[PDB]
Amino acid sequence: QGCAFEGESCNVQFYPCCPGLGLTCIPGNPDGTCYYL
């Protein structure tokens with residue numbers, strides 16, 4: 001797996017979130033959480 005799904009943590013340094021569906025990393029500096037917008 002490359003990108004993270006909703007509910008887990010995502011690192012904007014090596015492991016980003018899965019785009020296309022509408023997910024974002026919060027805070028994402030450097031670690032974040034994948035949530036739906």
# chains A, B, ... in the order shown; residues from 1 in each chain; ligands from 1
>>> residues_around(residues="segment 17-21 of chain A", least_positions_apart="5", cutoff="6 Å", atoms="only C-alpha atoms", output="list in words")
residues 3, 4, 5 and 10 of chain A
>>> write_last_selection(atoms="N, CA and C atoms", output="PDB file, in the first residue's frame")
ATOM      1  N   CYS A   3      -0.870   4.869  -0.292  1.00  0.00           N
ATOM      2  CA  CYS A   3      -1.653   5.900   0.390  1.00  0.00           C
ATOM      3  C   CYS A   3      -2.493   5.295   1.516  1.00  0.00           C
ATOM      4  N   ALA A   4      -2.835   6.127   2.510  1.00  0.00           N
ATOM      5  CA  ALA A   4      -3.633   5.688   3.656  1.00  0.00           C
ATOM      6  C   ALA A   4      -5.126   5.906   3.424  1.00  0.00           C
ATOM      7  N   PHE A   5      -5.944   5.058   4.055  1.00  0.00           N
ATOM      8  CA  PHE A   5      -7.402   5.148   3.941  1.00  0.00           C
ATOM      9  C   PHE A   5      -8.002   5.874   5.156  1.00  0.00           C
ATOM     10  N   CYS A  10      -1.602   9.209   8.392  1.00  0.00           N
ATOM     11  CA  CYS A  10      -0.868   9.396   7.140  1.00  0.00           C
ATOM     12  C   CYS A  10       0.259  10.413   7.313  1.00  0.00           C
TER      13      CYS A  10
END
>>> residues_around(residues="residue 29 of chain A", least_positions_apart="4", cutoff="9 Å", atoms="only C-alpha atoms", output="JSON, numbers by chain")
{"A": [11, 12, 13, 25]}
>>> write_last_selection(atoms="N, CA, C and O atoms", output="PDB file, in the first residue's frame")
ATOM      1  N   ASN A  11       1.471  10.018   6.906  1.00  0.00           N
ATOM      2  CA  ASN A  11       2.651  10.881   6.992  1.00  0.00           C
ATOM      3  C   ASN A  11       2.926  11.555   5.650  1.00  0.00           C
ATOM      4  O   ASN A  11       3.192  10.883   4.649  1.00  0.00           O
ATOM      5  N   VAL A  12       2.895  12.895   5.652  1.00  0.00           N
ATOM      6  CA  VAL A  12       3.116  13.702   4.431  1.00  0.00           C
ATOM      7  C   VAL A  12       4.590  13.702   3.966  1.00  0.00           C
ATOM      8  O   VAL A  12       4.965  14.466   3.067  1.00  0.00           O
ATOM      9  N   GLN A  13       5.409  12.831   4.568  1.00  0.00           N
ATOM     10  CA  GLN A  13       6.827  12.737   4.231  1.00  0.00           C
ATOM     11  C   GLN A  13       7.125  11.494   3.381  1.00  0.00           C
ATOM     12  O   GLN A  13       8.063  11.506   2.578  1.00  0.00           O
ATOM     13  N   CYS A  25      -5.474  14.678   5.119  1.00  0.00           N
ATOM     14  CA  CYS A  25      -4.660  14.381   6.294  1.00  0.00           C
ATOM     15  C   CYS A  25      -4.706  15.540   7.291  1.00  0.00           C
ATOM     16  O   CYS A  25      -4.381  16.681   6.943  1.00  0.00           O
TER      17      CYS A  25
END
>>> closest_residue(among="A:27, A:22, A:16, A:32", to="residue 2 of chain A", atoms="only C-alpha atoms")
A:16
>>> residues_around(residues="residue 24 of chain A", least_positions_apart="4", cutoff="8 Å", atoms="only C-alpha atoms", output="MDAnalysis selection string")
chainID A and resid 17 19 33:37
>>> select_by_dssp(residues="chain A", states="strand (DSSP E)", output="number ranges by chain")
A: 9-11, 23-27, 31-36
>>> write_last_selection(atoms="N, CA, C and O atoms", output="compact mmCIF listing (two decimals), in the first residue's frame")
# COMPACT_ATOMS: atom_id res chain seq x y z
N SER A 9 -3.66 6.88 10.22
CA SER A 9 -2.71 8.00 10.18
C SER A 9 -1.94 8.00 8.86
O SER A 9 -1.66 6.95 8.29
N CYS A 10 -1.60 9.21 8.39
CA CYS A 10 -0.87 9.40 7.14
C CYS A 10 0.26 10.41 7.31
O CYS A 10 0.03 11.52 7.81
N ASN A 11 1.47 10.02 6.91
CA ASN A 11 2.65 10.88 6.99
C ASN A 11 2.93 11.56 5.65
O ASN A 11 3.19 10.88 4.65
N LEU A 23 -10.49 12.48 0.58
CA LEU A 23 -9.87 12.31 1.89
C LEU A 23 -8.72 13.30 2.08
O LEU A 23 -8.06 13.69 1.12
N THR A 24 -8.51 13.70 3.34
CA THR A 24 -7.45 14.65 3.69
C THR A 24 -6.73 14.24 4.98
O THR A 24 -7.30 13.54 5.82
N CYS A 25 -5.47 14.68 5.12
CA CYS A 25 -4.66 14.38 6.29
C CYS A 25 -4.71 15.54 7.29
O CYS A 25 -4.38 16.68 6.94
N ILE A 26 -5.12 15.24 8.53
CA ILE A 26 -5.22 16.25 9.59
C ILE A 26 -4.45 15.78 10.84
O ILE A 26 -4.76 14.71 11.38
N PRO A 27 -3.45 16.58 11.34
CA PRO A 27 -3.03 17.87 10.76
C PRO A 27 -2.21 17.71 9.48
O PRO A 27 -2.39 18.46 8.51
N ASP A 31 2.72 14.13 10.60
CA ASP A 31 1.69 13.09 10.68
C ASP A 31 0.28 13.68 10.63
O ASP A 31 0.06 14.82 11.07
N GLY A 32 -0.65 12.90 10.08
CA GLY A 32 -2.04 13.33 9.98
C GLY A 32 -3.01 12.17 10.01
O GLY A 32 -2.61 11.02 10.14
N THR A 33 -4.30 12.49 9.90
CA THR A 33 -5.36 11.49 9.89
C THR A 33 -6.19 11.62 8.62
O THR A 33 -6.47 12.74 8.18
N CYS A 34 -6.59 10.48 8.05
CA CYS A 34 -7.39 10.47 6.82
C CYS A 34 -8.89 10.57 7.12
O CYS A 34 -9.50 9.65 7.67
N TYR A 35 -9.46 11.73 6.75
CA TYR A 35 -10.88 12.00 6.95
C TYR A 35 -11.54 12.41 5.63
O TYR A 35 -10.86 12.85 4.70
N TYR A 36 -12.87 12.25 5.56
CA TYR A 36 -13.64 12.59 4.36
C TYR A 36 -14.17 14.03 4.43
O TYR A 36 -14.68 14.45 5.47
>>> decode(residues="chain A", atoms="N, CA and C atoms", output="PDB file, in the first residue's frame")
ATOM      1  N   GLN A   1       0.816  -1.214   0.000  1.00  0.00           N
ATOM      2  CA  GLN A   1       0.000   0.000   0.000  1.00  0.00           C
ATOM      3  C   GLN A   1       0.852   1.268   0.000  1.00  0.00           C
ATOM      4  N   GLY A   2       0.382   2.286  -0.726  1.00  0.00           N
ATOM      5  CA  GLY A   2       1.096   3.552  -0.813  1.00  0.00           C
ATOM      6  C   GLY A   2       0.422   4.655  -0.020  1.00  0.00           C
ATOM      7  N   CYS A   3      -0.870   4.869  -0.292  1.00  0.00           N
ATOM      8  CA  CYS A   3      -1.653   5.900   0.390  1.00  0.00           C
ATOM      9  C   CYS A   3      -2.493   5.295   1.516  1.00  0.00           C
ATOM     10  N   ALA A   4      -2.835   6.127   2.510  1.00  0.00           N
ATOM     11  CA  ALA A   4      -3.633   5.688   3.656  1.00  0.00           C
ATOM     12  C   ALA A   4      -5.126   5.906   3.424  1.00  0.00           C
ATOM     13  N   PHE A   5      -5.944   5.058   4.055  1.00  0.00           N
ATOM     14  CA  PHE A   5      -7.402   5.148   3.941  1.00  0.00           C
ATOM     15  C   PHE A   5      -8.002   5.874   5.156  1.00  0.00           C
ATOM     16  N   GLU A   6      -9.309   6.166   5.081  1.00  0.00           N
ATOM     17  CA  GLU A   6     -10.044   6.873   6.146  1.00  0.00           C
ATOM     18  C   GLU A   6     -10.011   6.116   7.482  1.00  0.00           C
ATOM     19  N   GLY A   7      -9.632   6.837   8.545  1.00  0.00           N
ATOM     20  CA  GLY A   7      -9.582   6.252   9.880  1.00  0.00           C
ATOM     21  C   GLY A   7      -8.174   6.022  10.414  1.00  0.00           C
ATOM     22  N   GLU A   8      -7.179   5.955   9.521  1.00  0.00           N
ATOM     23  CA  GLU A   8      -5.791   5.722   9.936  1.00  0.00           C
ATOM     24  C   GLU A   8      -4.935   6.996   9.812  1.00  0.00           C
ATOM     25  N   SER A   9      -3.661   6.883  10.223  1.00  0.00           N
ATOM     26  CA  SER A   9      -2.711   7.996  10.176  1.00  0.00           C
ATOM     27  C   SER A   9      -1.938   8.004   8.858  1.00  0.00           C
ATOM     28  N   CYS A  10      -1.602   9.209   8.392  1.00  0.00           N
ATOM     29  CA  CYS A  10      -0.868   9.396   7.140  1.00  0.00           C
ATOM     30  C   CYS A  10       0.259  10.413   7.313  1.00  0.00           C
ATOM     31  N   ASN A  11       1.471  10.018   6.906  1.00  0.00           N
ATOM     32  CA  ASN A  11       2.651  10.881   6.992  1.00  0.00           C
ATOM     33  C   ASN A  11       2.926  11.555   5.650  1.00  0.00           C
ATOM     34  N   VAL A  12       2.895  12.895   5.652  1.00  0.00           N
ATOM     35  CA  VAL A  12       3.116  13.702   4.431  1.00  0.00           C
ATOM     36  C   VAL A  12       4.590  13.702   3.966  1.00  0.00           C
ATOM     37  N   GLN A  13       5.409  12.831   4.568  1.00  0.00           N
ATOM     38  CA  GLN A  13       6.827  12.737   4.231  1.00  0.00           C
ATOM     39  C   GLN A  13       7.125  11.494   3.381  1.00  0.00           C
ATOM     40  N   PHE A  14       6.327  10.427   3.561  1.00  0.00           N
ATOM     41  CA  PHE A  14       6.528   9.163   2.824  1.00  0.00           C
ATOM     42  C   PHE A  14       5.220   8.395   2.588  1.00  0.00           C
ATOM     43  N   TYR A  15       4.220   8.590   3.461  1.00  0.00           N
ATOM     44  CA  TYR A  15       2.945   7.877   3.334  1.00  0.00           C
ATOM     45  C   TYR A  15       1.747   8.852   3.288  1.00  0.00           C
ATOM     46  N   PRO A  16       1.366   9.363   2.077  1.00  0.00           N
ATOM     47  CA  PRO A  16       0.227  10.291   1.935  1.00  0.00           C
ATOM     48  C   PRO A  16      -1.135   9.574   1.986  1.00  0.00           C
ATOM     49  N   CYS A  17      -2.226  10.354   1.930  1.00  0.00           N
ATOM     50  CA  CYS A  17      -3.586   9.803   1.965  1.00  0.00           C
ATOM     51  C   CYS A  17      -4.074   9.466   0.551  1.00  0.00           C
ATOM     52  N   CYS A  18      -5.105   8.609   0.463  1.00  0.00           N
ATOM     53  CA  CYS A  18      -5.668   8.184  -0.826  1.00  0.00           C
ATOM     54  C   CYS A  18      -6.625   9.241  -1.418  1.00  0.00           C
ATOM     55  N   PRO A  19      -6.211   9.952  -2.516  1.00  0.00           N
ATOM     56  CA  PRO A  19      -7.056  10.971  -3.163  1.00  0.00           C
ATOM     57  C   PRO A  19      -8.061  10.369  -4.166  1.00  0.00           C
ATOM     58  N   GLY A  20      -8.897  11.232  -4.758  1.00  0.00           N
ATOM     59  CA  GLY A  20      -9.890  10.782  -5.726  1.00  0.00           C
ATOM     60  C   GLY A  20     -11.279  10.641  -5.129  1.00  0.00           C
ATOM     61  N   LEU A  21     -11.346  10.119  -3.898  1.00  0.00           N
ATOM     62  CA  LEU A  21     -12.619   9.921  -3.194  1.00  0.00           C
ATOM     63  C   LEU A  21     -13.015  11.163  -2.391  1.00  0.00           C
ATOM     64  N   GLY A  22     -12.018  11.813  -1.777  1.00  0.00           N
ATOM     65  CA  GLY A  22     -12.264  13.009  -0.984  1.00  0.00           C
ATOM     66  C   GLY A  22     -11.759  12.876   0.439  1.00  0.00           C
ATOM     67  N   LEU A  23     -10.489  12.481   0.579  1.00  0.00           N
ATOM     68  CA  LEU A  23      -9.866  12.308   1.891  1.00  0.00           C
ATOM     69  C   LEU A  23      -8.724  13.299   2.085  1.00  0.00           C
ATOM     70  N   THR A  24      -8.506  13.698   3.342  1.00  0.00           N
ATOM     71  CA  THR A  24      -7.447  14.650   3.688  1.00  0.00           C
ATOM     72  C   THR A  24      -6.729  14.236   4.981  1.00  0.00           C
ATOM     73  N   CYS A  25      -5.474  14.678   5.119  1.00  0.00           N
ATOM     74  CA  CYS A  25      -4.660  14.381   6.294  1.00  0.00           C
ATOM     75  C   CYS A  25      -4.706  15.540   7.291  1.00  0.00           C
ATOM     76  N   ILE A  26      -5.121  15.238   8.527  1.00  0.00           N
ATOM     77  CA  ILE A  26      -5.216  16.249   9.586  1.00  0.00           C
ATOM     78  C   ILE A  26      -4.450  15.781  10.843  1.00  0.00           C
ATOM     79  N   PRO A  27      -3.445  16.578  11.340  1.00  0.00           N
ATOM     80  CA  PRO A  27      -3.033  17.874  10.758  1.00  0.00           C
ATOM     81  C   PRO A  27      -2.210  17.710   9.476  1.00  0.00           C
ATOM     82  N   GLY A  28      -1.302  16.720   9.482  1.00  0.00           N
ATOM     83  CA  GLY A  28      -0.457  16.452   8.328  1.00  0.00           C
ATOM     84  C   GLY A  28       0.851  17.227   8.354  1.00  0.00           C
ATOM     85  N   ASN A  29       1.397  17.447   9.562  1.00  0.00           N
ATOM     86  CA  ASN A  29       2.664  18.174   9.726  1.00  0.00           C
ATOM     87  C   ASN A  29       3.472  17.639  10.930  1.00  0.00           C
ATOM     88  N   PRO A  30       4.198  16.488  10.776  1.00  0.00           N
ATOM     89  CA  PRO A  30       4.268  15.697   9.530  1.00  0.00           C
ATOM     90  C   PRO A  30       3.179  14.612   9.431  1.00  0.00           C
ATOM     91  N   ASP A  31       2.720  14.134  10.597  1.00  0.00           N
ATOM     92  CA  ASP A  31       1.692  13.091  10.682  1.00  0.00           C
ATOM     93  C   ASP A  31       0.284  13.683  10.630  1.00  0.00           C
ATOM     94  N   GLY A  32      -0.651  12.903  10.082  1.00  0.00           N
ATOM     95  CA  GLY A  32      -2.037  13.334   9.979  1.00  0.00           C
ATOM     96  C   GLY A  32      -3.013  12.173  10.006  1.00  0.00           C
ATOM     97  N   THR A  33      -4.302  12.494   9.898  1.00  0.00           N
ATOM     98  CA  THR A  33      -5.362  11.486   9.894  1.00  0.00           C
ATOM     99  C   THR A  33      -6.195  11.622   8.624  1.00  0.00           C
ATOM    100  N   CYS A  34      -6.592  10.480   8.050  1.00  0.00           N
ATOM    101  CA  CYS A  34      -7.389  10.465   6.821  1.00  0.00           C
ATOM    102  C   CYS A  34      -8.889  10.574   7.118  1.00  0.00           C
ATOM    103  N   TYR A  35      -9.460  11.728   6.752  1.00  0.00           N
ATOM    104  CA  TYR A  35     -10.884  12.003   6.948  1.00  0.00           C
ATOM    105  C   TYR A  35     -11.542  12.407   5.628  1.00  0.00           C
ATOM    106  N   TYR A  36     -12.871  12.251   5.557  1.00  0.00           N
ATOM    107  CA  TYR A  36     -13.638  12.592   4.356  1.00  0.00           C
ATOM    108  C   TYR A  36     -14.166  14.025   4.433  1.00  0.00           C
ATOM    109  N   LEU A  37     -14.033  14.755   3.319  1.00  0.00           N
ATOM    110  CA  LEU A  37     -14.492  16.142   3.233  1.00  0.00           C
ATOM    111  C   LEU A  37     -15.853  16.223   2.539  1.00  0.00           C
TER     112      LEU A  37
END
